[PDB]
Structures are given as structure tokens and as C-alpha cells.
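Structure first, then comments.
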Protein chains: 6
Amino acid sequence: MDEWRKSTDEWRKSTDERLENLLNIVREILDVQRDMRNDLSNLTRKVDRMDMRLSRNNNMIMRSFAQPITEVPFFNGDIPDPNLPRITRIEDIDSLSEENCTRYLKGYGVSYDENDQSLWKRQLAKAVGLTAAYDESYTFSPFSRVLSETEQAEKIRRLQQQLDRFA
Amino acid sequence: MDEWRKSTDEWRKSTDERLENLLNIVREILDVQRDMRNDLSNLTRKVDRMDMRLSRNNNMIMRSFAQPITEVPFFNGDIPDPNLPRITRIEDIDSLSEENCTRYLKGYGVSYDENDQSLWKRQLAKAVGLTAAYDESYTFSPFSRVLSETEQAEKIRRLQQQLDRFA
Amino acid sequence: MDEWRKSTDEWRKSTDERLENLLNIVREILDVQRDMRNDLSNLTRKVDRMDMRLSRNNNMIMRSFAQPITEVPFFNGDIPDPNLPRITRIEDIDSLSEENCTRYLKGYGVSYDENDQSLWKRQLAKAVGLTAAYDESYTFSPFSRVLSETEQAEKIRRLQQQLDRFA
Amino acid sequence: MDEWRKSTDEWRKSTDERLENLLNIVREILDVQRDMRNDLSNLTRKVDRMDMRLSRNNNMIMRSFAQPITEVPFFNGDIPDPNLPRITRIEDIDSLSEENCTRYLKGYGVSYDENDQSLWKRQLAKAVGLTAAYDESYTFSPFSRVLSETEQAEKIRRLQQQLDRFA
Amino acid sequence: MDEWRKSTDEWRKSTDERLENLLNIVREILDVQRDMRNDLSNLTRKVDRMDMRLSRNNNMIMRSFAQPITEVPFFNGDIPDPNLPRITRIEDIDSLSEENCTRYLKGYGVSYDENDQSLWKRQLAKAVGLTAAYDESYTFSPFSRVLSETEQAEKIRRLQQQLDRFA
Amino acid sequence: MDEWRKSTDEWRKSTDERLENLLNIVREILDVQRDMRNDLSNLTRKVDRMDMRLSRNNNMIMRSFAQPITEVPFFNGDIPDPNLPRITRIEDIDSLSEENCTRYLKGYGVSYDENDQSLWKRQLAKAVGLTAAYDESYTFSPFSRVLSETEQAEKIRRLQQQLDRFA
């Protein structure tokens, strides 16, 4: 019917506009997601590095009071491997297997020399926080349902493409 | 009209597909929200605990230089209660009402003994950062429009169910 | 056709409800975005302030062991200006141009006196972490595709209004 | 002969006076000896006590730098008995035979309690110079031709009497 | 009788020589006395000054461990006057009567300014051993049968003259 | 005359005994002198060595507070030679002419190696009192009317022999 006709025609003009609005809104919602995910995945890294430095500070103070020290976590906030011998004294750094020195030196951020293993012990003693007058005078002997981060970042990437290709 | 008929029929085949695409997109947008909310509500807790440890470190250094100390916040980043007497010396921990010791010991993270109140003073003196040679030799006398976090986490939960039930 | 008629009429009653559901869902998705953005932009500020305090703690310990000190970042986690002379000793604070003192004092959080420039050097020496027995006895001479934070916060604001005005 | 007579008579009057002068001189020489001997035998005691305090000071500084300590002599400048176990750590004071504690406590000057052996370990740890933050927090477990000085002082005494009795 | 005569004459030649020998011996005995008395009365002064410096060292170490200090004797090994208020803190030096500052400053060896009483408090705080980081930052408010030594030294002097005049 | 005769004979028996008494007294006076001179010339040496150790203690404390150091006298209480460059820092020990190192090492008591000059700098840095955490980590580059004591001791020796030979 003719008025019925034109009812549907105006209803065209409504609905198509409406769906265009929702497509626009969803595009910009997805952009804000992808940006917020990066800005949060940068704090997690900065906070983990601050945590390693905080534990090292505590060790330095304890050595000033002549007390033993405790454990220090790696870059990325994971406990040192349970295979590795603990470290509470210079004398513990002294007897390390030359292959458990590299795991520690890579764990913390230090940048060492791959061919000149003269001073690796002292690198590690400074990284752990063993700087006191008795420790600087020691004389090391030579070597004998849940998702994860990148998951949902990738999820957003494919979701954006999936929505784009159908427009 | 017959071509008019088939115009509408193809328009079926378009629009229903379109609405299915938007339902798919909104489901996965909501999942990324729920996961990002947890990953951020875990940093807030980790950062608050780091803040308590940072203030305690500052107190330890100040005691090494023989100066008075300052305030230390609880687990969850809230100032100690304003009713509680301040703490700047061992002699302030010494005269605590035995019921203002438990609020402090619960505030910080320490795990004490509920029946053996012999050493609660020393627990608290270590938690606040009162470790110096003069403080370890002290000899304590015996007791005589905005939303919040869980709000919008719950909001996401009900929103997900609300959308699911209508599909 | 009459059954064809009523098919379309029931199809009214379906589709309009469906679009109302998606408008509701998108409103509350946008609210959760705007709240999460603020709760994350508050951690970034708190973490930056904690970072300045952490570097200052490291300097204090180094002075306890009689060693030189290093650089300390501002409130908001940006390296001091490259024009400014570095600071590693009291004697470096002593010879500062009276106009490079205000940049440092504003950089760190200290609140100074604008007319009584007697003690600005000591303010800065405490802000950087130069508190040791030799430094407290020094006797300063007188003066002779990526988006950013607020971008996408504003984006959310306009996006919310844009969606509201079309409902 | 008469002039010969009077020559001898005047020679009386000379010689007897002369011997009286030498007796007077020797009396006061002997008094100055007896007084100088005491004034020197008081410095030897004061210097020996200062030596014990000087070694104790050296130990305190070494503990401030977190290093081991050395030996401390008794009141009267004699090395501790060679039977006694050495002392370089708190853990060495901890395992002492309860009868090698009294020799040390008598050696140094400390005045202890003969019946209340609760705190003898801490007395000794302070006497040797073991005061550092780690040592004040330790928690000791309970017990399971030449002459000499007085020679020649006595010599002077008898010499004075010997000369007096013959006048 | 003639042989009797010559017996006495040879006895002359003996006895006079003998008395000359004893006079010579007593002269040089008295010289050695006068020299030994000075060489001993110089150690007593040197040892007394060393004792003041030793007590001051002990106070400095105690302040490094953040403990209170004790008494320090004057140049010449006499306890500070019993009228004078004791000194165990900076806050005790702060409230001194401006006339009990001069007795202390004269007691110890310091050389002050008689007209410029600006810095007398700090002179005294260094003389007593109050150098720690908290004490260097304090901000003092402005002022509102026995003989003795010389006895027997004089005795030797008169004794030497007494013997000389009779030869 | 006969009674005159016997008067002189009894006067024999008196005077000869008297002179024998004075010879006995002077012998034992001289022995006490020779023994007291040694017992005093041993304190002077012990006190001089204590003085070197006392100045070294003062330097160690000053380094704990991060301050510069002062001069230290030799074994025998004489100021270091005025030709020698002063020492107030590690960097002053570093640039020493290799021939001003031996004068210092002989001055203080240290016993070095005459052919292995590797570690002479560190010997001297410990002898002067330069032990702090910054100084143990430094990395030295390689070398490019009055009498005196023995006078009057000898005087007593010859005096004793002189008196003996005439008896």
C-alpha cells in the first residue's frame, strides 16, 4: 500500500543510518582499547624494573648494618630459578659454577663481556647489593579461564581487521 | 512488486548478517574489558605493597644517620588511622596500649602469634624501620559521578550475561 | 500478502528491540572505558613520584658509603633538562646560577620561598639525597601512529556525546 | 807538736762537718727516689688501662665497617692466656665454657654478678667491642741481671732504714 | 812517733782523696735526677692529652651507632667541675649559660674568639665528639706523707745549690 | 798523749766505718738509677706507638663520616718529614713517587716486600687509616743546658765503673 510503501522507505532511511552510527562507534571503541593496552603493558615493565631496584636497596642497607642479605628478582618480576644456589654472602658468589654466573648476569640487567671473564664476580656482587667495606675488599678467586597479555593484544588486532573487512 | 519483493529478500540476507557481525564484535570487546580490568587491579595491589616497603627503607636510612623517622602506610595504601598515636621513636612503641599494637600489626603485613604476646613490640619495630644499633639494644617492658573498582567489575559481569541471554 | 504482512510486522518487533539492546550495551561499555582510563592515569602519576623517591634513596645510601651520587628524575618521570649542569657533589650545588636553582626546585616537588632566597641550596641538597655528615656541615656561599593520554580521554568524551545525541 | 796539735784540731772541725753534709745530701736524694718511683709506677698502670680501651675502640670501628675483630689485652698489659679460645665473632662468645667466661670477665675490668649468670655473655660482648646492629640483636643461648718494680721499691725502703739506723 | 807521724800523713793522702771522690759522685747523681724528673714530667702531660683525645674518639663512635655519649676530661686529666651541667646531647649544649661555655672551652684545648660569640656552641660540640649527621644539622639558638711534682723539682734545685756552696 | 792516742784510735774505728757506709749507700743508689732509667725509656716507646695508633683510629672514624683525614706520626713520635707530600685522599697515595712510598712504609711500622712492589699503595692506605667503602674499591695504577736519653744512660754506666775502680 502506498502509505505503507513510504513507511518502509522512510524506515530505510532510518535503519541504515543507525547501523552506520554503530559501526562508527565500534571502530573508535576498538582504537581506544588498543591504545590503553599498550599504555598498561608499559607500566608493568617499568614497575618490575623498579621492584628489582627496590630489593637491591634493601640489601645495601642491611649490609651497612652488617647483616645478611636476601633474594632479588629479575627484570621481569620472576623469582630466580629454583635450581640456582642462593646468595647471602660474598663467599657464596665466590663458589659459583661459571655457568650459574651467566644466568644471574642475564637475569639482572647487567651487560658483561663474553670473552674476558676476569670480572664477572664483581659485576654480580654489585647487582645483588653486596657493597660494604668488607665486601669491596674481598678478593675473588678465578673460575676453575584466563587470557594472557600478548594473547588479547593479538585478539584486538584480528578483531579490528575482522570488522574492517566487512564494511 | 516482484523485483521489489526480491529487493527486500536480498536486504534480509544483508541485514541479518550485519547484526550477527556486531553481536560477535561486542562479545569479544567485552572479554577484553574483563581481562584488562583484572590485569590493572593487580598492579594497584603490587604498587601499594611496594609503597609500604619504600617508606620503610627511608626510615632505615634515617636511623643510620641518627635522625627521627616518619609515617609508613598500610598494605593497601591508606594512611594509618588518625586515632592511633604516631610513631617516631622506640620509646613510642614502648608505651602502646596493647590494643593499638594489633591494629598496627594487622595494618602492615606481619603475621604474629595470638596467644604469646611476648614479642609484639619487636615485630612492630622491625615493620616500621627502627633497626639501628641503639634500637636493637632497647629492652621493651611488658604489656600492662564516579564508580569504584568492584562496582564496574560487577557491571561487566552483569553486562556480559545481559547480552548473552538475548541471543 | 497477509501472512507476508505479518511476517514483516513481527520482524519489526524483533529488529527494533535488537537495536535497542545494542545501544544499551554500547552505553555501558563506554562508561567502563572512561572509568578505567582515569584509574590507570592515576597509577602513572603515583609510580612516577615513587620513582623519584627511589632514586633519592639510592643516593642517600651511596653517601653513607662515601661514594658519589647520580641523577634523579622529576615528578613526572622525565630526565632533567640537558642544559642543566649535572649534580654529583655539594660543591656542584654551590656554584649554580640562581636561575638553575629554580628549575631544579620546581622539577622536584619542593615548595620554596620566592623572596627569601637564603636557604635554597639546602632545600636542593636534601631533595637530591646529599645528606651525610660531611654534607650537613658544608657552608654554602650566597648567590652572586600513536595517541597520547589526554587525546584519547577527550576522544571518549566526544564519543559518548556523539552517541547520545543520536538517540 | 803544738801547731801540729791545732792543725789536727781544726781538721776535726772540717771533716766532721763534711761528713754531716754528705749524710744530709744522701737523705734527701733517697727521698726524691722514693717519690719518683711511685709517680712512675702510677703512669704504667694508667697507660695499661688506656691500651685496653684503645684496642676496644679499634674493634668497634671495624664492626661498623662489617669486618672481623682482633685481640684485646687485660688491665695490666698482658696478653690473654694462650689456653683461652680466641674471640672474633658473637658466635665465638656464644660457645664459651662458662669457666672461660669468668677469666675474661676478670681480665677486663667488668664487675659482674656471681649468682645471676643470666647476662655474662653480653657483658663480655660489650667489653671486647662487639657493638654493631647485628651483634646487639643476637640472642645468646644459656650456659649448659734485671730487677722488677716492687723489688727495687722495697730496696729503697730498706736502704733508707739502713742509713737512718747508723746516724 | 815518727812512723806514727807518717802513718797519719799517708792517711791524709787517702782520706782527702776519698771525700773528693764522693763529692764528685754526688754531683753527677744529682744531675741525673734533675734530668730524669723533667723527662718524666713531660710524659705525664703527653699522656693526659692523649686521654682526652681517646675519650673523644669513643664518643664519635657511639654517635655513629646513634647512642648517647659520656664525659670527657680536660687537658690535664682532671674531671670536669662538679658544678657544670653534664653533656650527653646537642640539646644539652644548646641551653648552656654562656658562662659555662667558657669553662668548657678553656678546659679542652680549643682557642676561641673573645668578642664574636657567634660560634662557641659548635666549637664545643666538636670538642666533645658530637659529630654525626643529626648533630651537624642542628641549629643552635643565640645566647640570651707525700710530695708533689714541683715540690721535689724545687727540692732538687735547692739541694744542688746547697751542696755546691760547701765546696 | 796516751789518752789523746786512744782518742784518735777510736776515731779511726768510727770514721772508717762511716765511709764504708756511704760507699755502700751510693752503690745501691746507683743501681736504682740504672733500673729506673730503663723502665722509663720503655714507656716512652710504648706511648709513642700508642700515639700512632690513636691518630689512625681518628682517621678511620672521619672516613666513616665521609670527611677528609689528617696527619699520622711515625713509630717514635716525630712528624713526617716536611719534604714529603701530605696525604688526605686515596688520590694522594696514588701519585707518589715510588721513593716517597718507602719512607712512609718505613716510618710506620709496616713490613713490606722489597722486590714485589705490586701492593705497596694498599699497605700504606691501611696504615694511614683510609679504610672506607669508597677507598677499598679504588684501583691504584702501577708505579711509573740539657742532656738526652742515651747520654745520661751512658753517664750512669761510666759513673758506676768510676766508683767501683776506687774501692
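We name chains A, B, ... following the order of the C-alpha cells; residues begin at 1 in each chain, and ligands are numbered from 1 as shown.
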
Polymer residues at most 8 Å from region 145-151 of chain A, only C-alpha atoms, same-chain spacing of 2 or more positions, as a ChimeraX atom specification: /A:41,153-155 /B:35

How would the residues just picked look written out with N, CA and C atoms as a PDB file, in the first residue's frame?
```
ATOM      1  N   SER A  41      50.650  -2.130  29.415  1.00  0.00           N
ATOM      2  CA  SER A  41      51.754  -3.054  29.301  1.00  0.00           C
ATOM      3  C   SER A  41      53.093  -2.369  29.339  1.00  0.00           C
ATOM      4  N   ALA A 153      46.178  -8.839  23.178  1.00  0.00           N
ATOM      5  CA  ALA A 153      46.648  -7.828  22.237  1.00  0.00           C
ATOM      6  C   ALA A 153      46.471  -8.317  20.805  1.00  0.00           C
ATOM      7  N   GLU A 154      46.855  -9.565  20.549  1.00  0.00           N
ATOM      8  CA  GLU A 154      46.635 -10.137  19.232  1.00  0.00           C
ATOM      9  C   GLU A 154      45.150 -10.239  18.924  1.00  0.00           C
ATOM     10  N   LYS A 155      44.346 -10.560  19.937  1.00  0.00           N
ATOM     11  CA  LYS A 155      42.900 -10.627  19.771  1.00  0.00           C
ATOM     12  C   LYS A 155      42.354  -9.317  19.229  1.00  0.00           C
TER      13      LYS A 155
ATOM     14  N   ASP B  35      39.282  -8.861  31.010  1.00  0.00           N
ATOM     15  CA  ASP B  35      40.654  -9.269  31.287  1.00  0.00           C
ATOM     16  C   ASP B  35      41.547  -8.092  31.625  1.00  0.00           C
TER      17      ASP B  35
END
```

Got a sec: who's within 8 Å of region 18-27 of chain C, counting only C-alpha atoms, leaving out chain neighbours fewer than 6 positions off, as JSON, numbers by chain? {"B": [159, 163], "C": [160]}

Write out as a Markdown table a residue-level contact list of region 8-100 of chain F versus region 116-139 of chain A with cut-off 12 Å: for each qualifying residue the closest pair of atoms and the distance in Å to one decimal, counting only C-alpha atoms, rows sorted by chain and residue number upward.
```
| residue | atom | partner | partner_atom | distance |
| --- | --- | --- | --- | --- |
| F:60 | CA | A:133 | CA | 11.9 |
| F:63 | CA | A:133 | CA | 11.3 |
| F:64 | CA | A:133 | CA | 10.1 |
```

Selected residues, N, CA, C and O atoms, written as a tab-separated table (two decimals), in the first residue's frame, please.
```
chain	number	residue	atom	x	y	z
F	60	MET	N	90.10	6.73	60.70
F	60	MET	CA	89.08	5.77	60.30
F	60	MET	C	87.68	6.30	60.57
F	60	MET	O	86.78	6.15	59.73
F	63	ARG	N	86.64	8.90	58.08
F	63	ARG	CA	86.25	8.33	56.79
F	63	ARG	C	84.87	7.71	56.86
F	63	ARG	O	84.16	7.68	55.86
F	64	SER	N	84.48	7.19	58.02
F	64	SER	CA	83.12	6.68	58.15
F	64	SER	C	82.09	7.78	57.97
F	64	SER	O	80.99	7.53	57.47
```

| request: Compile the contact shell of residue 53 (chain E) as a ChimeraX atom specification: residues with an atom at most 12 Å away, counting only C-alpha atoms, same-chain residues fewer than 6 positions apart removed. | output: /D:50,54 /E:46-47,59-60,71-77,108-109,126-129 /F:51,54-55,57-58

I'm after chain E in the frame of chain B: fit it by least squares over all Cα atoms matched in order, and give me the output as an mmCIF file with C-alpha atoms, in the first residue's frame.
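Produced file superposed.cif, reproduced below:
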```cif
data_model
loop_
_atom_site.group_PDB
_atom_site.id
_atom_site.type_symbol
_atom_site.label_atom_id
_atom_site.label_comp_id
_atom_site.auth_asym_id
_atom_site.auth_seq_id
_atom_site.Cartn_x
_atom_site.Cartn_y
_atom_site.Cartn_z
ATOM 1 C CA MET E 1 6.147 -5.938 -6.695
ATOM 2 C CA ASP E 2 8.299 -8.878 -7.735
ATOM 3 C CA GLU E 3 11.579 -7.025 -8.139
ATOM 4 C CA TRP E 4 10.536 -5.073 -5.059
ATOM 5 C CA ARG E 5 9.962 -8.440 -3.379
ATOM 6 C CA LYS E 6 13.441 -9.684 -4.190
ATOM 7 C CA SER E 7 14.994 -6.362 -3.209
ATOM 8 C CA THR E 8 13.654 -6.881 0.282
ATOM 9 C CA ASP E 9 14.729 -10.526 0.265
ATOM 10 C CA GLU E 10 18.326 -9.677 -0.533
ATOM 11 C CA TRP E 11 18.004 -6.968 2.065
ATOM 12 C CA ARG E 12 17.173 -9.710 4.586
ATOM 13 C CA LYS E 13 20.309 -11.515 3.635
ATOM 14 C CA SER E 14 22.317 -8.358 4.202
ATOM 15 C CA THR E 15 20.914 -7.001 7.434
ATOM 16 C CA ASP E 16 20.735 -10.212 9.427
ATOM 17 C CA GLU E 17 24.369 -10.934 8.636
ATOM 18 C CA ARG E 18 25.266 -7.404 9.679
ATOM 19 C CA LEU E 19 23.639 -7.707 13.071
ATOM 20 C CA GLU E 20 25.370 -11.029 13.586
ATOM 21 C CA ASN E 21 28.699 -9.343 12.966
ATOM 22 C CA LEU E 22 28.043 -6.668 15.567
ATOM 23 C CA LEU E 23 27.000 -9.234 18.145
ATOM 24 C CA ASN E 24 30.245 -11.097 17.555
ATOM 25 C CA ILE E 25 32.304 -7.938 17.876
ATOM 26 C CA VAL E 26 30.632 -6.881 21.094
ATOM 27 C CA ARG E 27 31.218 -10.276 22.704
ATOM 28 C CA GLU E 28 34.926 -10.101 22.160
ATOM 29 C CA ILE E 29 35.115 -6.432 23.157
ATOM 30 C CA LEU E 30 33.551 -7.375 26.476
ATOM 31 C CA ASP E 31 36.019 -10.191 27.015
ATOM 32 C CA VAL E 32 38.971 -7.889 26.522
ATOM 33 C CA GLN E 33 37.439 -5.498 29.053
ATOM 34 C CA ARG E 34 37.067 -8.136 31.719
ATOM 35 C CA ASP E 35 40.654 -9.270 31.286
ATOM 36 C CA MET E 36 42.176 -5.814 31.274
ATOM 37 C CA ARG E 37 40.304 -4.911 34.453
ATOM 38 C CA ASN E 38 41.906 -7.766 36.350
ATOM 39 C CA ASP E 39 45.362 -7.086 34.987
ATOM 40 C CA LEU E 40 45.094 -3.497 36.211
ATOM 41 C CA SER E 41 43.603 -4.337 39.575
ATOM 42 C CA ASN E 42 46.659 -6.492 40.181
ATOM 43 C CA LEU E 43 49.129 -3.660 39.639
ATOM 44 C CA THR E 44 47.310 -1.452 42.089
ATOM 45 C CA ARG E 45 47.893 -4.043 44.804
ATOM 46 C CA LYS E 46 51.512 -4.666 43.863
ATOM 47 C CA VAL E 47 52.251 -0.937 43.775
ATOM 48 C CA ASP E 48 50.646 -0.360 47.171
ATOM 49 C CA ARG E 49 52.804 -3.043 48.756
ATOM 50 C CA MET E 50 55.896 -1.561 47.117
ATOM 51 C CA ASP E 51 54.971 1.814 48.595
ATOM 52 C CA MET E 52 54.934 0.453 52.135
ATOM 53 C CA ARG E 53 58.342 -1.115 51.592
ATOM 54 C CA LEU E 54 59.723 2.121 50.142
ATOM 55 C CA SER E 55 58.735 4.194 53.163
ATOM 56 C CA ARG E 56 60.264 1.579 55.439
ATOM 57 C CA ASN E 57 63.550 1.815 53.533
ATOM 58 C CA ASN E 58 63.601 5.570 54.005
ATOM 59 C CA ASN E 59 63.154 5.109 57.748
ATOM 60 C CA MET E 60 66.058 2.671 57.937
ATOM 61 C CA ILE E 61 68.430 5.123 56.263
ATOM 62 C CA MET E 62 67.307 7.957 58.516
ATOM 63 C CA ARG E 63 68.095 5.797 61.533
ATOM 64 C CA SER E 64 71.550 5.106 60.143
ATOM 65 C CA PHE E 65 72.152 8.872 60.226
ATOM 66 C CA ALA E 66 70.673 9.057 63.764
ATOM 67 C CA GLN E 67 67.578 11.060 62.789
ATOM 68 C CA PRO E 68 63.891 10.581 63.638
ATOM 69 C CA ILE E 69 61.535 8.633 61.395
ATOM 70 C CA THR E 70 58.196 9.297 59.675
ATOM 71 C CA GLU E 71 54.908 7.572 58.856
ATOM 72 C CA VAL E 72 54.506 4.296 56.940
ATOM 73 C CA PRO E 73 51.259 3.363 55.123
ATOM 74 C CA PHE E 74 49.459 0.025 55.338
ATOM 75 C CA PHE E 75 49.163 -2.783 52.741
ATOM 76 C CA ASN E 76 46.563 -1.079 50.671
ATOM 77 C CA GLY E 77 47.770 2.480 50.546
ATOM 78 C CA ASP E 78 45.683 4.107 53.240
ATOM 79 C CA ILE E 79 47.122 6.359 55.924
ATOM 80 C CA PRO E 80 47.183 4.848 59.432
ATOM 81 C CA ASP E 81 44.072 5.639 61.400
ATOM 82 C CA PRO E 82 44.049 9.185 62.828
ATOM 83 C CA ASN E 83 43.187 7.856 66.286
ATOM 84 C CA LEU E 84 46.433 5.924 66.551
ATOM 85 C CA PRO E 85 49.370 7.575 68.328
ATOM 86 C CA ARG E 86 52.171 8.419 65.944
ATOM 87 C CA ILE E 87 55.495 6.564 65.992
ATOM 88 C CA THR E 88 58.864 8.303 65.775
ATOM 89 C CA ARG E 89 60.976 6.560 68.450
ATOM 90 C CA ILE E 90 61.379 3.219 70.171
ATOM 91 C CA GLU E 91 60.039 4.937 73.258
ATOM 92 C CA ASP E 92 56.790 5.497 71.348
ATOM 93 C CA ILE E 93 56.395 1.805 70.559
ATOM 94 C CA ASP E 94 57.124 1.043 74.194
ATOM 95 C CA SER E 95 54.005 2.756 75.558
ATOM 96 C CA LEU E 96 51.310 1.401 73.256
ATOM 97 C CA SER E 97 48.028 0.249 74.573
ATOM 98 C CA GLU E 98 48.277 -3.453 73.634
ATOM 99 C CA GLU E 99 45.204 -2.865 71.507
ATOM 100 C CA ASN E 100 46.855 -0.268 69.315
ATOM 101 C CA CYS E 101 49.571 -2.851 68.720
ATOM 102 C CA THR E 102 47.198 -5.206 66.956
ATOM 103 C CA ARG E 103 45.884 -2.525 64.621
ATOM 104 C CA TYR E 104 49.437 -1.730 63.525
ATOM 105 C CA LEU E 105 50.405 -5.378 63.262
ATOM 106 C CA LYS E 106 47.377 -6.082 61.082
ATOM 107 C CA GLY E 107 47.884 -2.916 59.075
ATOM 108 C CA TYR E 108 51.352 -3.878 57.989
ATOM 109 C CA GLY E 109 51.579 -7.378 56.784
ATOM 110 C CA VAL E 110 53.211 -9.090 59.727
ATOM 111 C CA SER E 111 51.906 -12.417 60.995
ATOM 112 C CA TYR E 112 52.033 -12.579 64.768
ATOM 113 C CA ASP E 113 51.080 -15.027 67.496
ATOM 114 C CA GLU E 114 47.676 -14.553 69.022
ATOM 115 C CA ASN E 115 48.462 -16.058 72.441
ATOM 116 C CA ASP E 116 52.164 -15.396 73.115
ATOM 117 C CA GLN E 117 52.357 -11.650 73.251
ATOM 118 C CA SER E 118 55.941 -11.734 74.429
ATOM 119 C CA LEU E 119 57.394 -10.287 71.237
ATOM 120 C CA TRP E 120 54.909 -7.975 69.531
ATOM 121 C CA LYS E 121 56.829 -4.792 70.196
ATOM 122 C CA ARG E 122 59.861 -6.045 68.295
ATOM 123 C CA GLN E 123 57.732 -7.244 65.375
ATOM 124 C CA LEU E 124 56.382 -3.713 65.043
ATOM 125 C CA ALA E 125 59.767 -2.061 65.466
ATOM 126 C CA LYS E 126 61.083 -4.057 62.536
ATOM 127 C CA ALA E 127 57.972 -3.388 60.446
ATOM 128 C CA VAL E 128 58.313 0.384 60.843
ATOM 129 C CA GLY E 129 62.045 0.515 60.148
ATOM 130 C CA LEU E 130 63.549 1.089 63.587
ATOM 131 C CA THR E 131 66.643 -1.080 63.091
ATOM 132 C CA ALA E 132 69.749 0.708 64.352
ATOM 133 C CA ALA E 133 72.313 -0.250 66.951
ATOM 134 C CA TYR E 134 70.570 1.806 69.620
ATOM 135 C CA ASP E 135 67.163 0.388 68.738
ATOM 136 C CA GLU E 136 68.212 -3.259 68.730
ATOM 137 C CA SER E 137 69.556 -2.902 72.266
ATOM 138 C CA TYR E 138 66.382 -1.386 73.712
ATOM 139 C CA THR E 139 64.594 -3.556 76.235
ATOM 140 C CA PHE E 140 60.781 -3.220 75.921
ATOM 141 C CA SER E 141 58.739 -3.594 79.111
ATOM 142 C CA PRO E 142 55.762 -5.979 79.223
ATOM 143 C CA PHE E 143 52.176 -5.047 78.462
ATOM 144 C CA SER E 144 50.269 -3.796 81.479
ATOM 145 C CA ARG E 145 29.735 10.880 39.480
ATOM 146 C CA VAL E 146 32.425 8.219 39.913
ATOM 147 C CA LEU E 147 32.452 4.431 40.118
ATOM 148 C CA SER E 148 34.760 2.239 42.167
ATOM 149 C CA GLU E 149 36.709 -0.911 41.353
ATOM 150 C CA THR E 150 34.466 -3.823 42.257
ATOM 151 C CA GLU E 151 31.459 -1.800 41.126
ATOM 152 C CA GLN E 152 32.385 -1.755 37.467
ATOM 153 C CA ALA E 153 33.908 -5.229 37.585
ATOM 154 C CA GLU E 154 30.464 -6.404 38.647
ATOM 155 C CA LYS E 155 28.994 -4.152 35.956
ATOM 156 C CA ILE E 156 30.936 -6.032 33.287
ATOM 157 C CA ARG E 157 29.773 -9.349 34.703
ATOM 158 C CA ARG E 158 26.093 -8.465 34.533
ATOM 159 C CA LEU E 159 26.559 -6.779 31.158
ATOM 160 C CA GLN E 160 28.010 -9.944 29.649
ATOM 161 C CA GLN E 161 25.142 -12.057 30.960
ATOM 162 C CA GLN E 162 22.597 -9.466 29.836
ATOM 163 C CA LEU E 163 23.880 -9.596 26.294
ATOM 164 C CA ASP E 164 24.164 -13.390 26.213
ATOM 165 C CA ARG E 165 20.605 -14.062 27.363
ATOM 166 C CA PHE E 166 19.247 -12.127 24.364
ATOM 167 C CA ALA E 167 20.942 -14.228 21.687
#
```

- Based on DSSP run over this structure's backbone, return all residues of region 71-118 of chain B in alpha helix (DSSP H), as number ranges by chain. B: 90-94, 100-107

Using N, CA, C and O atoms, can you export the residues from the last selection as a compact mmCIF listing (two decimals), in the first residue's frame?
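Done, and the output landed in part.txt:
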```txt
# COMPACT_ATOMS: atom_id res chain seq x y z
N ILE B 90 61.64 4.44 69.42
CA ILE B 90 61.38 3.22 70.17
C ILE B 90 60.52 3.52 71.38
O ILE B 90 59.60 2.76 71.72
N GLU B 91 60.79 4.62 72.06
CA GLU B 91 60.04 4.94 73.26
C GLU B 91 58.57 5.17 72.97
O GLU B 91 57.77 5.17 73.90
N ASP B 92 58.20 5.38 71.71
CA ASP B 92 56.79 5.50 71.35
C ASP B 92 56.15 4.14 71.17
O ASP B 92 54.97 3.96 71.49
N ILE B 93 56.89 3.17 70.64
CA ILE B 93 56.40 1.80 70.56
C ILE B 93 56.28 1.21 71.94
O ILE B 93 55.44 0.34 72.18
N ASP B 94 57.11 1.66 72.87
CA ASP B 94 57.12 1.04 74.19
C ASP B 94 55.81 1.24 74.92
O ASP B 94 55.30 0.32 75.56
N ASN B 100 46.32 -0.98 70.45
CA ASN B 100 46.85 -0.27 69.32
C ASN B 100 48.08 -0.95 68.74
O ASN B 100 48.62 -0.47 67.74
N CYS B 101 48.56 -2.02 69.36
CA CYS B 101 49.57 -2.85 68.72
C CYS B 101 48.96 -3.76 67.68
O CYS B 101 49.58 -4.02 66.64
N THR B 102 47.77 -4.29 67.92
CA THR B 102 47.20 -5.21 66.96
C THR B 102 46.75 -4.48 65.70
O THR B 102 46.83 -5.03 64.61
N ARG B 103 46.26 -3.25 65.83
CA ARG B 103 45.88 -2.52 64.62
C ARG B 103 47.08 -2.28 63.73
O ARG B 103 46.99 -2.45 62.51
N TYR B 104 48.20 -1.84 64.29
CA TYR B 104 49.44 -1.73 63.52
C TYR B 104 49.90 -3.06 62.97
O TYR B 104 50.30 -3.14 61.81
N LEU B 105 49.88 -4.12 63.77
CA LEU B 105 50.40 -5.38 63.26
C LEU B 105 49.54 -5.94 62.15
O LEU B 105 50.04 -6.62 61.26
N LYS B 106 48.23 -5.68 62.19
CA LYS B 106 47.38 -6.08 61.08
C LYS B 106 47.52 -5.15 59.90
O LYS B 106 47.42 -5.60 58.75
N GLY B 107 47.74 -3.87 60.14
CA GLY B 107 47.88 -2.92 59.07
C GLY B 107 49.03 -3.29 58.18
O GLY B 107 48.83 -3.57 57.00
```
